[PDB]
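This report concerns only the one structure given below.
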Amino acid sequence: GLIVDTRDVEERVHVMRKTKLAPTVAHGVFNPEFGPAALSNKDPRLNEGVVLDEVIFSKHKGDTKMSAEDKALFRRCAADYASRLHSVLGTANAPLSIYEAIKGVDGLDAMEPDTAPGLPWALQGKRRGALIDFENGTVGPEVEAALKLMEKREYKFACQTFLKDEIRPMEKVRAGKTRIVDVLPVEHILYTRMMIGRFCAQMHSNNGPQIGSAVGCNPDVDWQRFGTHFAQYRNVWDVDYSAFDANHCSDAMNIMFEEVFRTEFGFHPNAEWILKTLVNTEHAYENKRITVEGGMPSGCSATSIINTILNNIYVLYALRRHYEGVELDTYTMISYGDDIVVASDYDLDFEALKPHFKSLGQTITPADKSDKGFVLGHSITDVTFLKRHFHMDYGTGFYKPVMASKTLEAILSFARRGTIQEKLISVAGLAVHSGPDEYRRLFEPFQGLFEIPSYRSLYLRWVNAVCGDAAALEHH
RNA sequence: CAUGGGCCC
RNA sequence: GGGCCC
Ligand SMILES: NC(=O)c1ncn([C@@H]2O[C@H](COP(=O)(O)OP(=O)(O)OP(=O)(O)O)[C@@H](O)[C@H]2O)n1
Ligand SMILES: [Mg+2]
C-alpha cells in the first residue's frame with residue numbers, strides 16, 4: 001500500500017519489546033541459523049546502519065492502480081470464484097449473534113480472552129476482560145456503544161502496529177525483517193465476525209481444493225486428502241508471492257469485497273462496509289501516525305480468509321489475462337493466504353504470468369529459486385505448503401507433512417520462560433513424520449530432563465486420525 | 001503472558 | 001493457557 005506520508009503525534013505507542021524467547025539445552029547442540037526477531041533498533045546483533053523502524057515500512061512500495069478493462073476482467077473472476085464459493089457454501093450468511101461472534105459456531109473458534117485490545121483501550125489501560133465477558137460472551141459500554149456506531153457507518157478507527165516476537169532465519173534478523181502485526185480495535189474484530197462469521201465457519205469446514213482454501217484444515221489428516229488429489233495432475237507448481245498481504249491493491253480489494261460479500265448471497269449490507277474500512281488505514285507505530293492506502297492489515301480479522309479468497313481470484317485473473325477459454329476447471333489450487341499450491345494438465349506458463357500478476361502489484365517467483373523460472377513436471381512431492389513437504393509413509397501408504405530438520409531444530413532451540421515441556425509435546429507430533437531415527441536425534445537434548453512422547457504412541461495416534469479404520473486394519 | 005484466522009495437547 | 005503454520 002501507498003503511504004500518503006507519516007505524521008508526528010503527541011501520544012506515543014510503546015511496543016519495542018525484548019524477546020520473551022530464550023535459548024534451550026537443544027540450542028547449543030544444533031547451532032541453528034535462526035534467532036528471535038529484532039524487537040529493538042538498538043538490539044546489537046542487528047547489522048549496524050539499520051534503523052529497525054525503516055524496514056517495517058519498506059513493504060509499502062506503492063499501490064498499483066488498475067486499468068478500467070482490468071477492473072472488469074477482475075470483477076468477472078471475483079464474481080466467478082464467488083459463484084463457485086457460494087455454490088459449495090450456500091447462502092446462509094445472516095449476521096452472527098454477539099453471543100457467537102464471542103462464543104463461536106461449529107467451525108469458528110471463540111474470540112481469545114487475554115489478547116491485546118487495540119485502540120484506544122491500551123491508551124487508557126484496559127484489557128479485553130473489561131469490555132467483554134469472554135467466557136460469558138458479553139459486551140460492555142463502549143463496545144456496545146460502537147456496535148451501535150458501525151451499524152451507522154459513522155465509525156472510524158486506527159491500527160496498533162506491533163512486532164512479532166518470533167524466530168526468523170539469522171539473516172532476516174540482521175536485515176531487520178521483523179514481521180509486523182497490525183492489531184485492530186477489538187470491537188471491530190467483533191462486528192466483522194458478526195458480519196461475516198457464518199461465512200468464515202463454512203469456509204473453515206469445507207476447506208479443500210474445490211473452494212481453493214485450506215484455512216480450517218489439519219495439516220496432519222488433511223495432507224492425505226490433498227496429496228492424492230494433487231497427484232492426479234501432470235503439473236504442480238509451488239508459487240511464492242512476497243509482500244502478498246501489503247500489495248493487495250486498493251482496486252483488487254474493493255472489487256472482491258463487492259463481489260464476494262453482496263447481499264444477493266445472503267450477507268447484511270454492512271459486510272462490505274466493515275471490510276472496506278480495511279483498505280485505507282491509519283497505522284499508529286508509536287508517535288508516527290503512518291496513514292496508508294492499499295494493502296491488508298496483517299492480523300485484521302479474517303485476515304487469512306480474505307487473503308485466500310484473493311489469491312484464488314488472482315491466479316484465475318492471471319490465467320484469464322493471458323489465455324482465452326480458461327475456466328475454474330482449467331486448473332486446481334489450494335492456498336492459505338500467502339501460501340499456494342497450483343496444479344494443471346494444460347502445460348501452463350507461469351513465467352508468462354509474472355507480468356499479468358505485476359498488474360495487481362504482486363510479485364510471484366518460483367519456490368526453487370536456484371533454478372531461474374517456473375518449469376513443468378514438478379509433482380506434489382517437490383513442493384511445500386505450510387512449511388511441510390508431501391511424503392508418503394512407509395508403514396501405511398498414506399501422505400504426511402514433513403518439516404525440514406533445520407526448521408524443527410529452530411523451533412526446539414527457543415521457548416518462552418518455562419514453556420519447554422508443553423512446547424515439546426506440541427512439537428512432538430510434528431516431528432513424528434520425520435521417522436524414528438530423526439525424531440530421536442531431534443530429541444536427544446532433552447532426555448532425562450523432560451518428558452518425551454514415545455515415537456510409537458505418536459505414530460498410532462496419527463494412523464488413527466488419518467483414517468481410523470486402518471488402525472483397525474493393522475489388526476485382522 | 002502479539003493481532004487475525006485456522007488447526008494440535 | 002501453550003505450540004505451530006498462515
Ligand atoms: N499474523 C497475521 O496477521 C498474519 N499472518 C499471516 N498472514 C497472511 O499470510 C501472509 C504471510 O506473509 P509473510 O510473512 O509470508 O511475508 P509476505 O508479505 O507474504 O512475503 P515475503 O516474505 O516474500 O516478503 C501475510 O502476507 C498475511 O497476508 N497474516
Ligand atoms: Mg510455497
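Residues are referred to by chain and number: the chain letter is A, B, ... according to the order shown in the C-alpha cells, the number counts from 1 in that chain, and ligands are numbered separately from 1 in the order shown.
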Chain A contacts to chain C at 6 Å (only C-alpha atoms (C1' of nucleotides)) as a VMD selection string:
chain A and resid 336 386 423 426
Store the residues picked out above in a file with N, CA, C and O atoms, as a PDB file, in the first residue's frame.
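This went into again27.pdb:
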ATOM      1  N   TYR A 336      -3.436 -20.845   1.625  1.00  0.00           N
ATOM      2  CA  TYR A 336      -3.635 -20.433   2.996  1.00  0.00           C
ATOM      3  C   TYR A 336      -3.006 -19.043   3.033  1.00  0.00           C
ATOM      4  O   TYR A 336      -1.814 -18.898   3.192  1.00  0.00           O
ATOM      5  N   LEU A 386       2.664 -24.725   3.757  1.00  0.00           N
ATOM      6  CA  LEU A 386       2.695 -24.528   5.190  1.00  0.00           C
ATOM      7  C   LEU A 386       3.945 -25.097   5.828  1.00  0.00           C
ATOM      8  O   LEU A 386       3.913 -25.587   6.935  1.00  0.00           O
ATOM      9  N   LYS A 423       5.696 -27.076  24.973  1.00  0.00           N
ATOM     10  CA  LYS A 423       6.046 -26.810  23.607  1.00  0.00           C
ATOM     11  C   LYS A 423       6.457 -28.113  22.980  1.00  0.00           C
ATOM     12  O   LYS A 423       6.106 -28.388  21.838  1.00  0.00           O
ATOM     13  N   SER A 426       3.701 -30.468  21.970  1.00  0.00           N
ATOM     14  CA  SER A 426       3.232 -29.939  20.738  1.00  0.00           C
ATOM     15  C   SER A 426       4.156 -30.280  19.506  1.00  0.00           C
ATOM     16  O   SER A 426       3.684 -30.867  18.510  1.00  0.00           O
TER      17      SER A 426
END
At a cut-off of 6 Å, list the chain B residues touching chain A, using only C-alpha atoms (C1' of nucleotides), as a list in words.
residues 3, 4, 5, 6 and 7 of chain B
Environment of ligand 2 within 6 Å, counting only C-alpha atoms (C1' of nucleotides) and all ligand atoms, reported as a short mmCIF file (atom, residue, chain, number, x, y, z; two decimals) with N, CA, C and O atoms, in the first residue's frame:
data_model
loop_
_atom_site.label_atom_id
_atom_site.label_comp_id
_atom_site.auth_asym_id
_atom_site.auth_seq_id
_atom_site.Cartn_x
_atom_site.Cartn_y
_atom_site.Cartn_z
N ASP A 238 4.74 -24.75 -7.20
CA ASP A 238 4.81 -24.18 -5.85
C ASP A 238 5.16 -22.76 -6.06
O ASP A 238 6.27 -22.46 -6.34
N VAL A 239 4.21 -21.87 -5.93
CA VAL A 239 4.45 -20.42 -6.14
C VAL A 239 4.75 -19.66 -4.86
O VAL A 239 4.17 -19.94 -3.82
N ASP A 240 5.60 -18.65 -4.96
CA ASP A 240 5.86 -17.74 -3.87
C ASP A 240 5.49 -16.34 -4.29
O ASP A 240 5.94 -15.85 -5.31
N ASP A 339 0.51 -18.64 1.13
CA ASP A 339 0.84 -19.94 0.57
C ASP A 339 -0.17 -20.40 -0.42
O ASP A 339 -1.37 -20.22 -0.22
N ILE A 340 0.34 -21.07 -1.46
CA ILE A 340 -0.49 -21.55 -2.57
C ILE A 340 0.19 -22.69 -3.27
O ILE A 340 1.34 -22.56 -3.65
N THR A 384 6.09 -27.42 -1.08
CA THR A 384 5.96 -27.10 0.31
C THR A 384 4.61 -26.37 0.45
O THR A 384 4.21 -25.59 -0.38
N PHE A 385 3.86 -26.68 1.47
CA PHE A 385 2.67 -25.96 1.70
C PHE A 385 2.68 -25.93 3.20
O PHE A 385 2.82 -26.99 3.83
#
List every residue of region 100-344 of chain A that DSSP, applied to the backbone of this structure, places in helix (DSSP H, G or I), and write the result as a ChimeraX atom specification.
/A:100-103,128-130,134-136,141-150,170-174,186-206,209-211,222-230,244-247,250-260,270-276,303-320,328-330
Every residue of region 343-461 of chain A that DSSP places in strand (DSSP E or B), as a PyMOL selection string
chain A and resi 343-344+365-366+384-385+388-392+399-402+414-416
